[PDB]
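**Student:** This is the content of input-v2.txt (compact mmCIF, C-alpha atoms and all ligand atoms):
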```txt
# COMPACT_ATOMS: atom_id res chain seq x y z
CA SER A 1 17.31 -21.38 -21.73
CA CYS A 2 16.17 -18.58 -24.13
CA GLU A 3 13.49 -16.03 -23.11
CA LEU A 4 10.61 -15.44 -25.50
CA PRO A 5 11.29 -12.29 -27.47
CA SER A 6 8.94 -9.32 -27.21
CA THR A 7 9.37 -8.86 -30.99
CA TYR A 8 9.30 -12.00 -33.04
CA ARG A 9 11.14 -12.22 -36.34
CA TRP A 10 10.76 -15.40 -38.38
CA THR A 11 11.89 -16.81 -41.68
CA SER A 12 9.54 -19.03 -43.65
CA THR A 13 9.42 -21.81 -46.12
CA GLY A 14 6.99 -21.78 -49.02
CA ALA A 15 4.27 -24.41 -49.24
CA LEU A 16 5.70 -27.76 -48.09
CA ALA A 17 3.14 -30.06 -49.71
CA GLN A 18 0.24 -29.96 -52.16
CA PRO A 19 -2.96 -31.89 -51.39
CA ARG A 20 -3.28 -35.12 -53.33
CA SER A 21 -5.86 -35.14 -56.10
CA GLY A 22 -9.43 -34.94 -54.77
CA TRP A 23 -8.54 -32.59 -51.89
CA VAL A 24 -8.45 -28.80 -52.13
CA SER A 25 -6.59 -28.19 -48.87
CA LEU A 26 -4.50 -29.54 -46.04
CA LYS A 27 -5.23 -27.76 -42.74
CA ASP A 28 -5.08 -27.56 -38.91
CA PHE A 29 -1.81 -29.58 -38.55
CA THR A 30 -0.86 -31.55 -35.54
CA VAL A 31 2.68 -32.92 -35.46
CA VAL A 32 4.79 -35.09 -33.11
CA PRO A 33 8.30 -36.49 -33.22
CA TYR A 34 8.09 -40.24 -33.86
CA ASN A 35 11.05 -42.60 -34.07
CA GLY A 36 13.28 -39.76 -35.33
CA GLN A 37 10.77 -38.55 -37.93
CA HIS A 38 7.85 -36.15 -38.14
CA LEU A 39 4.36 -37.68 -37.79
CA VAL A 40 1.72 -35.20 -39.03
CA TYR A 41 -2.12 -35.45 -39.07
CA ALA A 42 -4.23 -32.83 -40.77
CA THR A 43 -7.75 -31.77 -41.72
CA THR A 44 -8.70 -32.21 -45.37
CA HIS A 45 -11.42 -30.78 -47.49
CA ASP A 46 -12.52 -32.38 -50.73
CA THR A 47 -13.71 -30.66 -53.91
CA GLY A 48 -17.35 -30.73 -52.69
CA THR A 49 -18.54 -30.37 -49.12
CA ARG A 50 -16.71 -33.01 -47.13
CA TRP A 51 -14.34 -32.23 -44.26
CA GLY A 52 -12.03 -35.15 -43.58
CA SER A 53 -8.68 -35.94 -42.11
CA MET A 54 -5.43 -37.63 -43.09
CA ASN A 55 -1.94 -38.40 -41.97
CA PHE A 56 1.35 -38.25 -43.81
CA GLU A 57 3.67 -41.26 -43.76
CA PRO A 58 6.41 -40.36 -41.25
CA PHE A 59 9.11 -38.32 -42.94
CA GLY A 60 12.60 -37.43 -41.92
CA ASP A 61 13.13 -33.80 -42.94
CA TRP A 62 10.83 -30.99 -44.10
CA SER A 63 11.82 -31.41 -47.75
CA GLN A 64 10.32 -34.90 -47.57
CA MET A 65 6.83 -33.66 -46.57
CA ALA A 66 6.05 -33.03 -50.24
CA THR A 67 6.71 -36.62 -51.25
CA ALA A 68 5.30 -38.40 -48.15
CA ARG A 69 2.29 -40.59 -48.93
CA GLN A 70 -0.96 -38.89 -47.91
CA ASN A 71 -3.28 -41.35 -46.18
CA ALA A 72 -7.00 -40.62 -45.90
CA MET A 73 -8.83 -41.57 -42.74
CA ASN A 74 -11.97 -43.64 -43.18
CA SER A 75 -13.56 -41.89 -40.19
CA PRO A 76 -12.59 -38.21 -40.00
CA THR A 77 -10.90 -36.55 -37.05
CA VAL A 78 -11.18 -32.88 -38.01
CA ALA A 79 -8.80 -30.36 -36.35
CA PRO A 80 -6.89 -33.12 -34.69
CA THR A 81 -4.60 -33.07 -31.64
CA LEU A 82 -2.14 -35.97 -31.51
CA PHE A 83 -0.06 -36.91 -28.49
CA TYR A 84 1.34 -39.77 -26.47
CA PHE A 85 -0.38 -40.02 -23.07
CA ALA A 86 2.54 -41.39 -21.19
CA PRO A 87 0.93 -42.21 -17.83
CA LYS A 88 -1.10 -44.98 -19.44
CA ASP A 89 1.23 -45.67 -22.44
CA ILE A 90 -1.41 -44.92 -25.05
CA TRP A 91 -1.61 -42.54 -27.99
CA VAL A 92 -4.55 -40.15 -28.13
CA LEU A 93 -6.10 -38.41 -31.15
CA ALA A 94 -8.62 -35.71 -30.12
CA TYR A 95 -10.89 -33.93 -32.62
CA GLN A 96 -14.19 -32.26 -33.36
CA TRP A 97 -17.40 -32.86 -35.35
CA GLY A 98 -17.92 -36.40 -34.17
CA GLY A 99 -20.89 -37.23 -32.00
CA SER A 100 -20.23 -34.75 -29.15
CA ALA A 101 -18.55 -31.38 -28.91
CA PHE A 102 -15.16 -33.00 -28.81
CA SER A 103 -14.08 -36.60 -29.21
CA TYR A 104 -11.01 -38.74 -28.91
CA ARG A 105 -9.72 -42.14 -29.94
CA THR A 106 -6.73 -44.18 -28.75
CA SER A 107 -4.03 -46.32 -30.36
CA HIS A 108 -0.74 -48.05 -29.80
CA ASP A 109 0.42 -47.25 -33.36
CA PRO A 110 -0.23 -43.69 -34.39
CA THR A 111 1.26 -44.14 -37.81
CA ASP A 112 -1.80 -46.17 -38.89
CA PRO A 113 -4.47 -43.63 -40.00
CA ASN A 114 -7.19 -46.28 -39.59
CA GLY A 115 -5.84 -48.00 -36.48
CA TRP A 116 -7.64 -45.87 -33.91
CA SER A 117 -10.17 -47.09 -31.36
CA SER A 118 -13.84 -46.34 -31.41
CA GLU A 119 -14.92 -42.73 -30.87
CA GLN A 120 -15.10 -41.62 -27.20
CA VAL A 121 -16.52 -38.44 -25.68
CA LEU A 122 -13.92 -35.81 -24.80
CA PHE A 123 -16.32 -32.89 -24.08
CA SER A 124 -20.08 -32.49 -24.22
CA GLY A 125 -20.63 -28.83 -23.38
CA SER A 126 -22.21 -26.03 -25.40
CA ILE A 127 -21.23 -22.36 -25.46
CA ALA A 128 -22.99 -19.03 -26.01
CA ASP A 129 -22.88 -16.63 -28.91
CA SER A 130 -21.07 -19.03 -31.16
CA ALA A 131 -21.91 -19.81 -34.80
CA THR A 132 -19.72 -22.94 -34.68
CA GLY A 133 -19.93 -24.22 -31.12
CA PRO A 134 -16.72 -25.39 -29.39
CA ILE A 135 -13.93 -25.64 -31.93
CA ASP A 136 -10.21 -26.39 -32.21
CA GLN A 137 -9.37 -28.16 -29.00
CA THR A 138 -5.94 -28.56 -27.62
CA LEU A 139 -4.85 -30.68 -24.66
CA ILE A 140 -1.93 -30.42 -22.26
CA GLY A 141 -1.02 -31.98 -18.94
CA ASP A 142 1.09 -30.92 -16.01
CA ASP A 143 2.13 -33.07 -13.10
CA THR A 144 -1.35 -33.42 -11.63
CA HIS A 145 -4.00 -32.47 -14.21
CA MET A 146 -4.99 -32.71 -17.83
CA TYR A 147 -6.36 -29.56 -19.42
CA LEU A 148 -8.60 -28.99 -22.41
CA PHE A 149 -8.50 -25.52 -24.01
CA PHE A 150 -10.74 -24.54 -26.93
CA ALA A 151 -12.32 -21.64 -28.80
CA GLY A 152 -15.73 -20.78 -30.22
CA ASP A 153 -15.23 -18.31 -33.08
CA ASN A 154 -16.62 -15.85 -30.54
CA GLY A 155 -13.79 -14.04 -28.85
CA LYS A 156 -13.48 -16.46 -25.91
CA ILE A 157 -10.99 -19.11 -24.89
CA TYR A 158 -12.25 -21.85 -22.56
CA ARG A 159 -10.54 -24.30 -20.20
CA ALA A 160 -11.65 -27.53 -18.59
CA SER A 161 -9.56 -29.83 -16.40
CA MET A 162 -9.43 -33.27 -14.78
CA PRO A 163 -7.02 -35.14 -12.58
CA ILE A 164 -4.43 -36.69 -14.84
CA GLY A 165 -5.13 -40.23 -13.60
CA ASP A 166 -8.72 -39.90 -14.83
CA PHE A 167 -7.65 -39.26 -18.40
CA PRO A 168 -8.45 -40.34 -21.21
CA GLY A 169 -12.06 -39.58 -20.48
CA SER A 170 -14.59 -36.86 -20.84
CA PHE A 171 -13.96 -33.39 -19.39
CA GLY A 172 -17.73 -33.11 -18.90
CA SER A 173 -20.03 -30.36 -20.06
CA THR A 174 -18.66 -27.27 -18.34
CA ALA A 175 -15.65 -25.05 -18.98
CA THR A 176 -14.19 -21.85 -17.58
CA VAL A 177 -13.58 -18.79 -19.71
CA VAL A 178 -9.92 -17.85 -19.30
CA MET A 179 -9.74 -14.98 -21.82
CA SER A 180 -12.19 -12.86 -23.79
CA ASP A 181 -11.94 -10.11 -26.35
CA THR A 182 -13.68 -9.01 -29.56
CA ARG A 183 -14.58 -11.90 -31.80
CA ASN A 184 -11.74 -11.32 -34.22
CA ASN A 185 -9.04 -10.90 -31.57
CA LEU A 186 -9.48 -14.35 -30.02
CA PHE A 187 -11.00 -16.27 -32.84
CA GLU A 188 -9.89 -19.91 -33.02
CA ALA A 189 -7.03 -22.49 -33.22
CA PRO A 190 -5.56 -22.16 -29.68
CA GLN A 191 -2.43 -24.17 -28.90
CA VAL A 192 -0.83 -24.45 -25.42
CA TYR A 193 2.75 -25.49 -24.67
CA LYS A 194 5.24 -25.83 -21.83
CA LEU A 195 8.56 -24.10 -22.39
CA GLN A 196 11.65 -26.28 -21.97
CA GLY A 197 14.02 -24.98 -19.29
CA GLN A 198 11.56 -22.36 -17.91
CA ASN A 199 8.68 -22.17 -15.44
CA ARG A 200 6.36 -20.89 -18.17
CA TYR A 201 3.60 -21.91 -20.52
CA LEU A 202 2.84 -20.43 -23.92
CA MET A 203 -0.61 -20.09 -25.54
CA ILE A 204 -0.98 -18.95 -29.14
CA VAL A 205 -4.45 -18.04 -30.55
CA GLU A 206 -5.48 -17.27 -34.10
CA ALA A 207 -6.94 -13.82 -34.81
CA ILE A 208 -8.42 -12.09 -37.86
CA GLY A 209 -6.71 -8.86 -38.84
CA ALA A 210 -8.11 -5.69 -40.29
CA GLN A 211 -8.32 -6.92 -43.88
CA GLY A 212 -9.12 -10.53 -43.02
CA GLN A 213 -5.55 -11.84 -42.77
CA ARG A 214 -5.04 -14.56 -40.16
CA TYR A 215 -2.27 -14.22 -37.60
CA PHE A 216 -1.37 -15.51 -34.12
CA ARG A 217 -1.30 -13.70 -30.80
CA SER A 218 0.62 -15.11 -27.83
CA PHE A 219 0.06 -15.22 -24.11
CA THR A 220 1.94 -16.75 -21.19
CA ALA A 221 1.20 -18.28 -17.81
CA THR A 222 3.14 -19.72 -14.93
CA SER A 223 0.59 -22.44 -14.18
CA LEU A 224 -2.02 -24.01 -16.44
CA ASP A 225 -4.80 -23.14 -13.98
CA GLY A 226 -3.52 -19.51 -13.68
CA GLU A 227 -4.11 -16.39 -15.63
CA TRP A 228 -2.78 -15.58 -19.06
CA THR A 229 -0.69 -12.48 -19.79
CA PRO A 230 -0.42 -10.83 -23.26
CA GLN A 231 3.01 -11.64 -24.72
CA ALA A 232 2.60 -10.44 -28.38
CA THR A 233 -0.93 -9.39 -29.06
CA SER A 234 -1.55 -7.20 -32.08
CA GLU A 235 -1.49 -7.53 -35.84
CA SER A 236 1.54 -5.22 -36.15
CA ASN A 237 3.28 -6.93 -33.17
CA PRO A 238 2.07 -10.55 -33.47
CA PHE A 239 3.40 -13.89 -32.38
CA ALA A 240 3.40 -14.77 -36.11
CA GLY A 241 1.68 -13.01 -38.97
CA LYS A 242 2.37 -11.17 -42.22
CA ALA A 243 4.14 -8.47 -40.16
CA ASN A 244 6.98 -10.82 -39.23
CA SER A 245 6.72 -14.19 -40.95
CA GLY A 246 9.16 -13.66 -43.83
CA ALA A 247 6.50 -15.35 -46.05
CA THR A 248 5.15 -13.87 -49.25
CA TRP A 249 3.57 -17.07 -50.67
CA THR A 250 0.83 -16.48 -48.10
CA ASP A 251 -0.40 -13.51 -46.06
CA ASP A 252 -2.31 -15.75 -43.66
CA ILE A 253 -0.42 -17.51 -40.86
CA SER A 254 -3.16 -19.79 -39.61
CA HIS A 255 -4.11 -22.95 -37.64
CA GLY A 256 -1.10 -25.14 -36.95
CA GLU A 257 1.26 -26.21 -34.23
CA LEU A 258 4.72 -25.57 -32.79
CA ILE A 259 7.30 -28.30 -33.29
CA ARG A 260 7.67 -30.19 -30.02
CA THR A 261 10.58 -31.75 -28.31
CA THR A 262 8.58 -34.79 -27.13
CA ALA A 263 5.32 -36.42 -28.25
CA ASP A 264 3.92 -36.63 -24.78
CA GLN A 265 1.11 -34.78 -23.02
CA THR A 266 3.38 -32.13 -21.52
CA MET A 267 3.43 -30.39 -24.94
CA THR A 268 7.03 -29.26 -24.36
CA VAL A 269 8.67 -26.91 -26.89
CA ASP A 270 12.20 -25.53 -27.10
CA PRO A 271 12.17 -21.72 -26.81
CA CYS A 272 15.69 -21.78 -28.27
CA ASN A 273 14.46 -23.35 -31.50
CA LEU A 274 10.85 -22.32 -31.99
CA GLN A 275 9.27 -23.48 -35.24
CA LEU A 276 5.66 -23.15 -36.33
CA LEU A 277 4.02 -25.58 -38.81
CA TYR A 278 1.13 -23.39 -40.04
CA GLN A 279 -1.43 -23.32 -42.79
CA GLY A 280 -1.16 -20.59 -45.44
CA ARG A 281 -2.81 -19.80 -48.80
CA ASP A 282 -2.02 -17.78 -51.92
CA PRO A 283 -3.00 -14.11 -51.38
CA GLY A 284 -4.92 -14.21 -54.67
CA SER A 285 -7.16 -17.05 -53.41
CA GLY A 286 -10.74 -16.33 -52.39
CA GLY A 287 -14.35 -17.45 -52.53
CA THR A 288 -16.11 -19.64 -50.07
CA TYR A 289 -14.05 -20.33 -46.91
CA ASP A 290 -14.38 -24.11 -46.92
CA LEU A 291 -12.75 -24.41 -50.38
CA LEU A 292 -9.77 -22.13 -49.72
CA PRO A 293 -6.50 -23.71 -50.89
CA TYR A 294 -4.55 -23.99 -47.62
CA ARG A 295 -1.20 -25.74 -47.53
CA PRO A 296 1.45 -26.34 -44.84
CA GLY A 297 4.39 -23.97 -44.29
CA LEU A 298 7.06 -23.76 -41.57
CA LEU A 299 8.37 -20.71 -39.72
CA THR A 300 11.70 -20.76 -37.90
CA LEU A 301 12.35 -18.11 -35.24
CA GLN A 302 15.43 -15.96 -35.73
CA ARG A 303 17.62 -15.66 -32.70
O1 LIG A 401 -22.00 -30.45 -38.28
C1 LIG A 401 -20.67 -30.01 -38.69
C2 LIG A 401 -20.75 -28.61 -39.16
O2 LIG A 401 -21.16 -27.72 -38.13
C3 LIG A 401 -19.41 -28.11 -39.67
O3 LIG A 401 -19.60 -26.79 -40.21
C4 LIG A 401 -18.33 -26.08 -40.39
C5 LIG A 401 -18.23 -25.26 -39.14
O4 LIG A 401 -16.96 -24.47 -39.21
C6 LIG A 401 -16.98 -23.54 -40.35
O5 LIG A 401 -15.64 -22.98 -40.40
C7 LIG A 401 -15.48 -21.79 -39.58
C8 LIG A 401 -16.29 -20.89 -40.43
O6 LIG A 401 -15.81 -19.63 -40.88
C9 LIG A 401 -14.43 -19.23 -40.65
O7 LIG A 401 -14.47 -17.90 -40.14
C10 LIG A 401 -14.98 -16.93 -41.06
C11 LIG A 401 -13.77 -16.47 -41.83
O8 LIG A 401 -14.21 -15.37 -42.69
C12 LIG A 401 -14.70 -14.21 -41.95
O9 LIG A 401 -14.98 -13.27 -42.94
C13 LIG A 401 -15.95 -14.68 -41.27
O10 LIG A 401 -16.41 -13.62 -40.42
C14 LIG A 401 -15.58 -15.80 -40.33
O11 LIG A 401 -16.79 -16.26 -39.65
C15 LIG A 401 -13.77 -20.04 -39.55
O12 LIG A 401 -12.38 -19.77 -39.77
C16 LIG A 401 -14.01 -21.49 -39.76
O13 LIG A 401 -13.34 -22.21 -38.68
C17 LIG A 401 -17.14 -24.31 -41.65
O14 LIG A 401 -17.39 -23.28 -42.59
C18 LIG A 401 -18.36 -25.20 -41.59
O15 LIG A 401 -18.31 -26.07 -42.77
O16 LIG A 401 -19.06 -29.01 -40.79
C19 LIG A 401 -18.84 -30.37 -40.28
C20 LIG A 401 -20.14 -30.91 -39.73
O17 LIG A 401 -19.92 -32.24 -39.21
CA CA A 402 -5.22 -27.53 -33.36
K K A 403 -11.30 -24.06 -39.21
```
Translate the structure described by the file into structure tokens.
Ligand SMILES: O[C@@H]1[C@@H](O)[C@H](O[C@@H]2CO[C@@H](O[C@@H]3CO[C@@H](O[C@@H]4CO[C@@H](O)[C@H](O)[C@H]4O)[C@H](O)[C@H]3O)[C@H](O)[C@H]2O)OC[C@H]1O
Ligand SMILES: [Ca+2]
Ligand SMILES: [K+]
**Tutor:**
Amino acid sequence: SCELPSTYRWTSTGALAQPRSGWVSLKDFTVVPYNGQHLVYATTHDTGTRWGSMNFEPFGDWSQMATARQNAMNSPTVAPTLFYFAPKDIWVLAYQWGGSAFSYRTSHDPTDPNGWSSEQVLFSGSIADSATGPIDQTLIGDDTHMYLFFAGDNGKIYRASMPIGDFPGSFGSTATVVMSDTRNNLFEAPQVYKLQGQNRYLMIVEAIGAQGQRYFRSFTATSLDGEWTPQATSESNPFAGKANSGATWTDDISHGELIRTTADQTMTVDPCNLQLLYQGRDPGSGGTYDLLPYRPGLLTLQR
């Protein structure tokens, strides 16, 4: 195995796909391996006010993301988390802005954008001092428990848990704060992973830098119910950001996901081959947040 570096150095692609006509952005990627291909769901925004979601047809290599058919979902699953819940042999798509704080649906065929079950409650809690409410869930399981982590655009990261045999189901209405900082330092888009070959878990969180540029900070833990330790936690020393991305097509390195070695709920990633599918936007872009022209990019860690 390969230890996480204390200084990350990446190289980047440019934008890997453009939104199909009618959408201004592709955002908040979730991605699994599927039958030897990449299966990606994403948030969309249209040219008016509508948040939506989509998947890409499975594609074999990252050059094929640009040509993969983009399939709209009839019922949106904004800021989605996709995984295979192996203990009950069912796929799960979790998301926000349905009927409760967080929702999920299930399927046996995650390539079908419109093949998901009816909406179920994932979380029904509220949080304090948040303009948005709970946002950007991520889920991960260990041997005995499933965990829900989320943010609130408020400087806090929250955790709920349930015995793994009780999942899929609702985590209830309460959560535990596991980290807090100034609003901009722990802002949104948390993602939690288990590192292959190591007794260690990795959390990355999106932050807002001094001039508004998005970047990620990282933290580690040795158990998912334990405490989190800063691993790379500033704009000049980030997990991934303009300081170290190798990207100039974007300054932002924002809401996305690490490439995983498995689709299942363990969220396992290979520390020897870390890659981040992120959302970025042209540095000249501006105006109202919801219309910003985000697109996917991929970072590959140098070792
Ligand atoms: O009922 C649902 C609505 O609540 C939901 O509203 C969206 C809620 O999320 C909003 O996106 C948040 C908003 O702002 C971004 O952060 C700002 C970035 O610029 C900074 O200068 C500023 O300080 C920050 O606050 C944050 O990144 C983003 O996640 C979105 O604007 C609302 O449209 O819409 C769906 C309904 O079903
Ligand atoms: Ca996410
Ligand atoms: K967002």
**Student:** So which residues are near ligand CA 402 (chain A), meaning at most 8 Å away with all atoms listed in the file counted, given back as number ranges by chain?
**Tutor:** A: 28-30, 79-81, 136-138, 189-191, 255-257
**Student:** Compare A:284, A:241, A:172, A:152 by their minimum atom-to-atom distance to ligand K 403 (chain A), counting all atoms listed in the file, and give me the closest one.
**Tutor:**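 For ligand K 403 (chain A), the nearest of the given residues is A:152.
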**Student:** Against ligand LIG 401 (chain A), which residues of chain A fall within 10 Å? For each one I want the closest pair of atoms and the distance in Å (one decimal), counting only C-alpha atoms and all ligand atoms, rows by chain and increasing residue number, as a Markdown table.
**Tutor:**
```
| residue | atom | partner | partner_atom | distance |
| --- | --- | --- | --- | --- |
| A:28 | CA | A:LIG401 | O13 | 9.8 |
| A:45 | CA | A:LIG401 | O15 | 9.6 |
| A:49 | CA | A:LIG401 | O15 | 7.7 |
| A:50 | CA | A:LIG401 | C19 | 7.6 |
| A:51 | CA | A:LIG401 | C19 | 6.3 |
| A:52 | CA | A:LIG401 | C19 | 9.0 |
| A:76 | CA | A:LIG401 | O17 | 9.5 |
| A:78 | CA | A:LIG401 | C19 | 8.4 |
| A:79 | CA | A:LIG401 | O13 | 9.6 |
| A:96 | CA | A:LIG401 | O17 | 8.2 |
| A:97 | CA | A:LIG401 | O17 | 4.7 |
| A:98 | CA | A:LIG401 | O17 | 6.8 |
| A:99 | CA | A:LIG401 | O17 | 8.8 |
| A:130 | CA | A:LIG401 | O11 | 9.9 |
| A:131 | CA | A:LIG401 | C5 | 7.9 |
| A:132 | CA | A:LIG401 | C5 | 5.2 |
| A:133 | CA | A:LIG401 | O2 | 7.9 |
| A:134 | CA | A:LIG401 | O4 | 9.9 |
| A:135 | CA | A:LIG401 | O13 | 7.6 |
| A:136 | CA | A:LIG401 | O13 | 8.3 |
| A:151 | CA | A:LIG401 | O13 | 9.9 |
| A:152 | CA | A:LIG401 | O13 | 8.9 |
| A:153 | CA | A:LIG401 | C15 | 6.9 |
| A:154 | CA | A:LIG401 | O11 | 9.1 |
| A:183 | CA | A:LIG401 | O10 | 9.0 |
| A:184 | CA | A:LIG401 | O10 | 8.1 |
| A:187 | CA | A:LIG401 | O12 | 7.9 |
| A:188 | CA | A:LIG401 | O13 | 7.0 |
| A:189 | CA | A:LIG401 | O13 | 8.3 |
| A:206 | CA | A:LIG401 | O12 | 9.3 |
| A:207 | CA | A:LIG401 | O12 | 9.5 |
| A:208 | CA | A:LIG401 | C12 | 7.8 |
| A:211 | CA | A:LIG401 | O9 | 9.2 |
| A:212 | CA | A:LIG401 | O9 | 6.5 |
| A:213 | CA | A:LIG401 | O8 | 9.4 |
| A:214 | CA | A:LIG401 | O12 | 9.0 |
| A:254 | CA | A:LIG401 | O12 | 9.2 |
| A:255 | CA | A:LIG401 | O12 | 9.1 |
| A:288 | CA | A:LIG401 | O14 | 8.4 |
| A:289 | CA | A:LIG401 | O14 | 6.2 |
| A:290 | CA | A:LIG401 | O14 | 5.3 |
| A:291 | CA | A:LIG401 | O14 | 9.1 |
```
**Student:** Quick one: pull the distance between CA of residue 19 (chain A) and CA of residue 260 (chain A), Å, one decimal.
**Tutor:**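 Value for the CA of residue 19 (chain A)-CA of residue 260 (chain A) distance: 23.9 Å.
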**Student:** As JSON, numbers by chain, please: the residues near residue 196 (chain A) (cut-off 9 Å, only C-alpha atoms, same-chain neighbours under 5 positions excluded).
**Tutor:** {"A": [1, 261, 268, 269, 270, 271, 272]}
**Student:** For a quick check of understanding, using only C-alpha atoms, which of A:253, A:169, A:161, A:296 has the smallest distance to residue 41 (chain A)?
**Tutor:**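 Closest candidate: A:296.
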**Student:** With distances taken over only C-alpha atoms, which of A:247, A:128, A:267, A:202 is nearest to residue 146 (chain A)?
**Tutor:**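 Of the candidates, the smallest distance to residue 146 (chain A) is held by A:267.
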**Student:** Could you please determine the separation between CA of residue 36 (chain A) and CA of residue 250 (chain A) in Å, to one decimal place?
**Tutor:**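 It comes out at 29.3 Å.
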**Student:** List as JSON, numbers by chain the residues having at least one atom at most 7 Å from position (14.5, -18.2, -34.8) as given in the file, counting all atoms listed in the file.
**Tutor:** {"A": [10, 273, 274, 300, 301, 302, 303]}
**Student:** Between A:93, A:299, A:292, A:139, which one has atoms that come closest to ligand K 403 (chain A), using all atoms listed in the file?
**Tutor:**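 For ligand K 403 (chain A), the nearest of the given residues is A:292.
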**Student:** Could region 91-102 of chain A be completed with N, CA, C and O atoms and returned as a PDB file, in the coordinates of the input?
**Tutor:**
```
ATOM      1  N   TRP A  91      -1.466 -43.727 -27.152  1.00  0.00           N
ATOM      2  CA  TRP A  91      -1.610 -42.540 -27.990  1.00  0.00           C
ATOM      3  C   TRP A  91      -3.051 -42.081 -28.055  1.00  0.00           C
ATOM      4  O   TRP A  91      -3.950 -42.906 -27.998  1.00  0.00           O
ATOM      5  N   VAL A  92      -3.231 -40.760 -28.138  1.00  0.00           N
ATOM      6  CA  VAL A  92      -4.550 -40.150 -28.130  1.00  0.00           C
ATOM      7  C   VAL A  92      -4.636 -39.209 -29.338  1.00  0.00           C
ATOM      8  O   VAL A  92      -3.718 -38.427 -29.626  1.00  0.00           O
ATOM      9  N   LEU A  93      -5.761 -39.303 -30.036  1.00  0.00           N
ATOM     10  CA  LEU A  93      -6.100 -38.410 -31.150  1.00  0.00           C
ATOM     11  C   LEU A  93      -7.442 -37.747 -30.782  1.00  0.00           C
ATOM     12  O   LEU A  93      -8.487 -38.427 -30.796  1.00  0.00           O
ATOM     13  N   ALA A  94      -7.416 -36.432 -30.462  1.00  0.00           N
ATOM     14  CA  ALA A  94      -8.620 -35.710 -30.120  1.00  0.00           C
ATOM     15  C   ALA A  94      -9.079 -34.900 -31.338  1.00  0.00           C
ATOM     16  O   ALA A  94      -8.250 -34.516 -32.189  1.00  0.00           O
ATOM     17  N   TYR A  95     -10.358 -34.600 -31.419  1.00  0.00           N
ATOM     18  CA  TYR A  95     -10.890 -33.930 -32.620  1.00  0.00           C
ATOM     19  C   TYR A  95     -12.270 -33.410 -32.406  1.00  0.00           C
ATOM     20  O   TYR A  95     -12.848 -33.580 -31.321  1.00  0.00           O
ATOM     21  N   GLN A  96     -12.841 -32.808 -33.446  1.00  0.00           N
ATOM     22  CA  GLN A  96     -14.190 -32.260 -33.360  1.00  0.00           C
ATOM     23  C   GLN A  96     -15.059 -32.833 -34.467  1.00  0.00           C
ATOM     24  O   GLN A  96     -14.569 -33.526 -35.373  1.00  0.00           O
ATOM     25  N   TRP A  97     -16.362 -32.510 -34.373  1.00  0.00           N
ATOM     26  CA  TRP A  97     -17.400 -32.860 -35.350  1.00  0.00           C
ATOM     27  C   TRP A  97     -17.692 -34.363 -35.448  1.00  0.00           C
ATOM     28  O   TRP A  97     -18.215 -34.839 -36.441  1.00  0.00           O
ATOM     29  N   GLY A  98     -17.328 -35.089 -34.390  1.00  0.00           N
ATOM     30  CA  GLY A  98     -17.920 -36.400 -34.170  1.00  0.00           C
ATOM     31  C   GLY A  98     -19.245 -36.230 -33.418  1.00  0.00           C
ATOM     32  O   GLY A  98     -20.001 -35.226 -33.554  1.00  0.00           O
ATOM     33  N   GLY A  99     -19.568 -37.190 -32.563  1.00  0.00           N
ATOM     34  CA  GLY A  99     -20.890 -37.230 -32.000  1.00  0.00           C
ATOM     35  C   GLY A  99     -21.145 -36.245 -30.863  1.00  0.00           C
ATOM     36  O   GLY A  99     -22.303 -36.005 -30.520  1.00  0.00           O
ATOM     37  N   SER A 100     -20.076 -35.720 -30.245  1.00  0.00           N
ATOM     38  CA  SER A 100     -20.230 -34.750 -29.150  1.00  0.00           C
ATOM     39  C   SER A 100     -19.323 -33.600 -29.481  1.00  0.00           C
ATOM     40  O   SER A 100     -18.693 -33.604 -30.534  1.00  0.00           O
ATOM     41  N   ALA A 101     -19.310 -32.582 -28.619  1.00  0.00           N
ATOM     42  CA  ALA A 101     -18.550 -31.380 -28.910  1.00  0.00           C
ATOM     43  C   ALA A 101     -17.118 -31.663 -29.286  1.00  0.00           C
ATOM     44  O   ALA A 101     -16.624 -31.144 -30.314  1.00  0.00           O
ATOM     45  N   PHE A 102     -16.439 -32.445 -28.421  1.00  0.00           N
ATOM     46  CA  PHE A 102     -15.160 -33.000 -28.810  1.00  0.00           C
ATOM     47  C   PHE A 102     -15.131 -34.479 -28.515  1.00  0.00           C
ATOM     48  O   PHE A 102     -15.843 -34.988 -27.643  1.00  0.00           O
TER      49      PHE A 102
END
```
